[PDB]
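Participant: Here it is: the structure, laid out below.
Note: ideal-geometry Cβ built from the backbone for every residue, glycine included; neighbour counts use all protein chains shown. Just so it is clear, none of the values below were taken in a lab; they were calculated from the coordinates.
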2 protein chains.
Amino acid sequence: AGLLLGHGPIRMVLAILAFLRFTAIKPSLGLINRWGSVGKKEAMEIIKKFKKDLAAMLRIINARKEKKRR
Amino acid sequence: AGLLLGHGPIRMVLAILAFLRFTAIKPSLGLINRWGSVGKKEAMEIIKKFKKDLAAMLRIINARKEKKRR
């Protein structure tokens with residue numbers, strides 16, 4: 001259970017990395033050591049889908065306060 | 001200490017959200033409840049810088065295995 005042990009696949013590695021990027025100033029060297037172990041092809045896919053989730057995230061944040069329609 | 005208590009500002013909220021997006025299938029409702037509390041202006045800024053960090057991340061992953069120069 002990657003979510004439970006905090007050690008998922010390379011996809012979760014980048015997730016934890018971004019976590020430690022916006023929650024911290026210095027990511028843990030364990031993630032950094034496994035960082036270069038991420039297949040850059042998968043990384044390309046991850047980053048693509050990541051930006052897509054962020055784009056949706058942004059959109060929904062806007063819709064959360066609905067840009068004050070009312 | 002937002003990093004220690006796992007409760008930083010709205011910037012860290014989105015960070016934890018993305019974490020729970022790529023590490024989990026269902027984010028915790030606490031984050032979801034504070035999600036709409038994120039200033040969508042700040043969100044725009046966060047998401048922008050987030051994609052920038054991801055772009056750099058990708059680039060460095062490529063440079064980690066250096067696309068097999070050698």
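Participant: Go through region B:11-34 and give me each residue that's more than 7 Å from chain A (Cβ to nearest Cβ), more than 11 Å from the chain's Cα centre (by Cα) and either more than 18 Å from residue A:49 (Cα to Cα) or not aliphatic (A, V, I, L, M) (or both).
Facilitator: Residues satisfying the conditions are B:26, B:27, B:28, B:29, B:30, B:31, B:32, B:33, B:34.
Participant: Restricting the first residue to region A:38-53 and requiring it to be among the small types (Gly, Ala, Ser), which pairs with a second residue that is in a helix (DSSP H, G or I) meet a Cβ separation below 8 Å and a spacing of at least six or different chains?
Facilitator: Pairs found: A:39/A:10; A:43/A:10; A:43/A:14; A:43/B:57; A:43/B:58; A:43/B:61; A:43/B:62.
Participant: Here's something else I'd like to know. Restricting the search to region A:14-47, which residues are among the β-branched types (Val, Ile, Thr) and closer than 10 Å to residue B:61 by Cβ?
Facilitator: Hits for region A:14-47 are A:38, A:46, A:47.
Participant: Give region A:30-70 a look and list any residue that's more than 18 Å from residue B:19 (Cα to Cα) and of a type in the set (A, V, I, L, M, F, W, C), or say none.
Facilitator: Within region A:30-70, A:63 is the sole residue that qualifies.
Participant: Something else now. Given the structure, is residue A:44 within 22 Å of residue B:46 (Cα to Cα) and crowded, with 20+ Cβ neighbours inside 10 Å?
Facilitator: Answer is no for this residue.
Participant: Still on this structure: Search region A:56-67 for residues that are surrounded by 14 or more Cβ atoms within 10 Å (Cβ to Cβ) and pair each with any residue that is part of a loop (DSSP other than H, G, I, E, B) when their beta-carbon atoms are under 8 Å apart and the residues are at least 6 apart or on different chains.
Facilitator: Listed by first residue and then by second, the contacts come to A:61/B:36; A:61/B:38; A:64/B:36; A:64/B:38; A:65/B:36.
Participant: Now for a different question. Of all residues in region B:15-52, which are touching a helix residue (DSSP H, G or I) at 6+ places or on another chain (Cβ under 6 Å), closer than 13 Å to residue A:64 by Cα and of a type in the set (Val, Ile, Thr)?
Facilitator: Passing the criteria: only B:38.
Participant: Something else: Looking at (1) exposed (fewer than 12 other Cβ atoms within 10 Å of the Cβ); (2) touching a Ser or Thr at 6+ places or on another chain (Cβ under 9 Å), which one does residue A:11 not meet, given that it meets all the others?
Facilitator: (1)
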